[PDB]
**Student:** 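Mind having a look at this structure? Questions to follow.
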Amino acid sequence: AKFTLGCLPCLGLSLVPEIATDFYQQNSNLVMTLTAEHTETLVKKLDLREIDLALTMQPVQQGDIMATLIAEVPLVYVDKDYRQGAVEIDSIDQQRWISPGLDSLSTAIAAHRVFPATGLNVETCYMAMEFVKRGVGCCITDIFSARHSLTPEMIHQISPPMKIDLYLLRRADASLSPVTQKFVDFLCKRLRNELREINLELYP
Amino acid sequence: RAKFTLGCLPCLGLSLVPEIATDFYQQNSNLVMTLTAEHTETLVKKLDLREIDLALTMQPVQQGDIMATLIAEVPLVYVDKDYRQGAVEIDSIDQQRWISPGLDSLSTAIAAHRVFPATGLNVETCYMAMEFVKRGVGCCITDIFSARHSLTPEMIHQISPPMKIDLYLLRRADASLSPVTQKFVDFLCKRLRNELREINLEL
Ligand SMILES: O=C(O)Cc1c[nH]c2ccccc12
Ligand SMILES: O=C(O)Cc1c[nH]c2ccccc12
Ligand SMILES: [Mg+2]
Ligand SMILES: [Mg+2]
């Protein structure tokens, strides 16, 4: 059994290594490879057969890549500047906005508000969180990246609540092994379970 | 009216590049900064495609249209939850617990001293590997930046003989940087060098 999973950086910071660790400890006689890459690179690696599976927040219809919507992930407002509870997107100060590069994210936000161009554009979630921590500005990010890098006081639900879709991509012309099928099922169950606990913690 | 885009390796974006860019951004108004962290191959592709202006890597570029400024040498360290002591000889490392970092500049530096056989676990992003190490799953050799960022000092060990990898700032050979972007390059290179001079001392 041998498979390679690529994920977005927000998922590689902690959740995927936790899930992989639990599976790897329960199932030996396998070779697992893991990597974190932005979406465009994940799709390219699936098309070149450099990875078998990708976790993204955007569907694709390229080639024989099939994207399966597996969960909905909260989007949260993040800032060092104190906020009470939930944040309406129209209350955000566009002068402090850090524009996120994740197209899916920027596209989701843009459905609710078009932020003008700013002096700071950050395309990788954990680098944005560092700028938030140093007080340089504010952002909307996925909860996985916020939860990893920030204290709870810096994380705020949106009003109304905002989510982004989480997808599992694999090639359809390609065929999975049983162990890889078992891993995909385990991975999906643990991701859904984590989002359940996250919902509890986000409740204001 | 001044704009630049810098890509860096993940180990550098976890903390050091945001810190340095924060200091510059603030010293320079009327600036648009774009920052991204990507693996070496992607950085060089983006540089070639003109999607980024500058890339920080740990690998020079072969003959082509890329120029490469040698910033400093980066210590490599052994990381292990279970190892309690001091410097580790490469050949004393337990190959059954080895987490391979895939095929990258780091792996090439290790292979010049020891060729690890194939392992059950291959982890090609530094912070993901640090998570497996913190959970006790295996051991690795990594750059000092990713180690310091995710691990407690107890889990970080020097190698014997000491290993290093070179840090480069890459740019297109056929494109002239704007005056503010050159100023940022000088600032970045100096701060990175001095951060590593400080680290090399503490070791
Ligand atoms: O880097 C990623 O995982 C994509 C991404 C997720 N949240 C973000 C916030 C700001 C910029 C990029 C991202
Ligand atoms: O992911 C990166 O910055 C490259 C890299 C630096 N140290 C590492 C350890 C294990 C796997 C990859 C890396
Ligand atoms: Mg975390
Ligand atoms: Mg990354």
Side-chain angles (χ1 to χ4, degrees), chain A residues 7-18 36 57 72-89 91-93 95-102 104-106 108-109 115 118 120-159 161-164 166 191 194-204, chain B residues 10-23 25-26 35-37 125-128 130-131 134 145-146 148-152:
Chain A
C7 64
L8 283 176
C10 56
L11 283 153
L13 287 163
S14 173
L15 194 45
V16 163
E18 181 174 12
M57 278 154 185
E72 292 185 351
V73 178
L75 296 180
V76 289
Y77 174 81
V78 289
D79 194 353
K80 205 189 192 283
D81 193 21
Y82 300 70
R83 279 265 193 172
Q84 194 291 320
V87 158
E88 281 188 331
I89 192 162
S91 70
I92 294 168
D93 183 17
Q95 279 177 294
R96 282 178 55 77
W97 180 250
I98 299 167
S99 297
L102 179 63
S104 32
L105 181 55
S106 181
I109 292 156
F115 284 98
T118 67
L120 200 44
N121 305 278
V122 182
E123 305 187 346
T124 300
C125 60
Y126 54 83
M127 304 179 67
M129 295 308 98
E130 288 297 298
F131 281 108
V132 172
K133 267 191 298 183
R134 293 184 180 283
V136 181
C138 59
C139 196
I140 288 164
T141 186
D142 66 284
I143 185 52
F144 300 122
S145 61
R147 213 153 73 91
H148 181 82
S149 310
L150 304 185
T151 58
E153 182 279 335
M154 295 172 68
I155 307 169
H156 298 285
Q157 274 258 73
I158 310 295
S159 186
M162 280 177 49
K163 295 199 163 183
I164 195 164
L166 178 67
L191 287 166
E194 194 74 3
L195 286 159
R196 182 147 47 259
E197 259 288 344
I198 281 159
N199 179 73
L200 174 142
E201 293 173 359
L202 286 180
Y203 182 77
Chain B
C11 59
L12 293 165
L14 288 164
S15 170
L16 196 39
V17 162
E19 182 195 346
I20 295 168
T22 288
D23 289 337
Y25 181 61
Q26 293 166 0
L35 294 174
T36 188
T125 301
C126 59
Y127 53 85
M128 294 187 77
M130 284 325 94
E131 292 298 302
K134 152 161 33 157
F145 300 122
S146 56
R148 184 180 294 276
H149 184 261
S150 324
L151 307 180
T152 67

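By convention in this document, chain letters (A, B, ...) are assigned in the order of the sequence lines, proteins followed by strands, and residues within each chain are numbered from 1. Atom set for the values below is all heavy atoms of this structure, side chains included, hydrogens, waters and symmetry mates excluded.
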**Student:** Could you tell me which non-hydrogen atom of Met129(A) sits nearest to which non-hydrogen atom of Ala146(A), and how far apart they are?
**Tutor:**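 In terms of heavy atoms, the two residues are closest at SD-CA, 4.1 Å.
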**Student:** Report yes if the side chains of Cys138(A) and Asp93(A) come closer than 4.5 Å at any heavy-atom pair, otherwise no.
**Tutor:**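 Not in contact.
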**Student:** Could you tell me whether the side chain of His156(A) and the main chain of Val87(A) form a donor-acceptor pair under 3.5 Å?
**Tutor:** no
**Student:** I'd like to know if the side chain of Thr36(B) and the backbone of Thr124(A) have a donor-acceptor N/O pair within less than 3.5 Å.
**Tutor:**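 Looks like no, no N/O pair under 3.5 Å.
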**Student:** Any side-chain heavy atom of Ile164(A) sitting closer than 4.5 Å to one from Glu72(A)?
**Tutor:**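 Counting from C-beta outward, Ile164(A) and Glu72(A) never come under 4.5 Å.
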**Student:** I'd like to know whether CD of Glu153(A) has more than 12 heavy-atom contacts from other residues, nucleotides or ligands below 6.0 angstrom.
**Tutor:** yes
**Student:** Please say whether more than 12 non-hydrogen atoms of neighbouring residues, nucleotides or ligands are located less than 6.0 Å from NZ in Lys80(A).
**Tutor:** no
**Student:** Rounded to the nearest 0.5 Å, how far does OG1 of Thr141(A) lie from CG of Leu102(A)?
**Tutor:** 8.0 Å
**Student:** For residues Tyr77(A) and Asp79(A), is any side-chain donor paired with an opposing acceptor at under 3.5 Å?
**Tutor:**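 Present: a donor and an acceptor within the cut-off.
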**Student:** If you count heavy atoms of other groups shown closer than 6.0 angstrom to CD of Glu201(A), is the number above 12?
**Tutor:** yes
**Student:** Looking at side-chain heavy atoms only, is the closest gap between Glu19(B) and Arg134(A) below 4.5 Å?
**Tutor:** yes
**Student:** Testing the basics here: between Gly13(B) and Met127(A), what is the closest heavy-atom pair and its distance to 0.1 Å?
**Tutor:**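 Closest pair (atom of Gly13(B), atom of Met127(A), distance): O-CG, 3.3 Å.
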**Student:** Name all residues meeting the side-chain hydrogen bond (donor to acceptor under 3.5 Å, both in side chains) criterion together with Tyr127(B); count only those two or more places apart in sequence or in a different chain, and write none if there are none.
**Tutor:**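 With neighbours one apart ignored, the set is empty.
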**Student:** Answer yes or no: is there a side-chain heavy-atom contact under 4.5 Å between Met154(A) and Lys133(A)?
**Tutor:** yes
**Student:** Which residues pass the side-chain hydrogen bond (donor to acceptor under 3.5 Å, both in side chains) test with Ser91(A), sequence neighbours left out?
**Tutor:** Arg83(A)
**Student:** Residues two or more places apart in sequence or in another chain: which of them pass side-chain hydrogen bond (donor to acceptor under 3.5 Å, both in side chains) with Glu194(A)?
**Tutor:**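 Counting only residues at least two positions away or on another chain, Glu194(A) forms a side-chain hydrogen bond (donor to acceptor under 3.5 Å, both in side chains) with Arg147(A).
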**Student:** Looking at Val76(A), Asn199(A), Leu75(A), which one forms a side chain to side chain contact (heavy atoms under 4.5 Å, CB included) with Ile143(A)?
**Tutor:** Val76(A)
**Student:** Do the charged groups of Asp81(A) and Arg96(A) touch, with an N to O distance under 4.0 Å?
**Tutor:**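 No.
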**Student:** Under the side-chain contact (heavy atoms from CB on, under 4.5 Å) criterion, do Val122(A) and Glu130(A) qualify, and how do the steps go?
**Tutor:** CA-CA 10 Å; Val122(A) 182; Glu130(A) 288 297 298; over 6 Å; no
**Student:** State, yes or no, whether a side-chain contact exists between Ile89(A) and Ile92(A) at a heavy-atom distance under 4.5 Å.
**Tutor:** yes
**Student:** Between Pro74(A) and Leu195(A), which heavy-atom pair has the shortest distance, and what is it?
**Tutor:** CD-CD2, 3.6 Å
**Student:** Verify, without hydrogens or angle tests, whether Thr22(B) (side chain) and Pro18(B) (backbone) share a donor-acceptor contact under 3.5 angstrom.
**Tutor:**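 Side chain of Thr22(B) to backbone of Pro18(B), a donor-acceptor pair under 3.5 Å: yes, one is there.
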**Student:** Are the side chains of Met57(A) and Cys10(A) in contact, using a 4.5 Å heavy-atom criterion?
**Tutor:**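 They are in side-chain contact.
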**Student:** Do the side chains of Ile140(A) and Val78(A) get nearer than 4.5 Å, heavy atoms only?
**Tutor:**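 Side chain of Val78(A) against side chain of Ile140(A), heavy atoms only: no contact under 4.5 Å found.
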**Student:** Which pair of heavy atoms, one from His148(A) and one from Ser14(A), lies closest together, and at what distance?
**Tutor:** ND1-CB, 3.7 Å
**Student:** What heavy-atom pair brings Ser145(A) and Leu13(A) nearest, and what distance separates the two atoms?
**Tutor:**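 That closest heavy-atom pairing would be CA-CD1, 4.2 Å.
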**Student:** Under the side-chain contact (heavy atoms from CB on, under 4.5 Å) criterion, do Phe131(A) and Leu120(A) qualify, and how do the steps go?
**Tutor:** CA-CA 10 Å; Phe131(A) 281 108; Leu120(A) 200 44; 3.9 Å; yes
**Student:** Hey, what's the ring geometry for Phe115(A) with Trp97(A), parallel, tilted or perpendicular (30° and 60° as the breaks)?
**Tutor:** parallel
**Student:** When you compare the side chain of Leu166(A) with that of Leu191(A), does any pair of heavy atoms fall below 4.5 Å?
**Tutor:**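 They are in side-chain contact.
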**Student:** More than 12 foreign heavy atoms under 6.0 Å from CD of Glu88(A): is that the case here?
**Tutor:**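 For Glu88(A), atom CD is not crowded (no more than 12 foreign heavy atoms under 6.0 Å).
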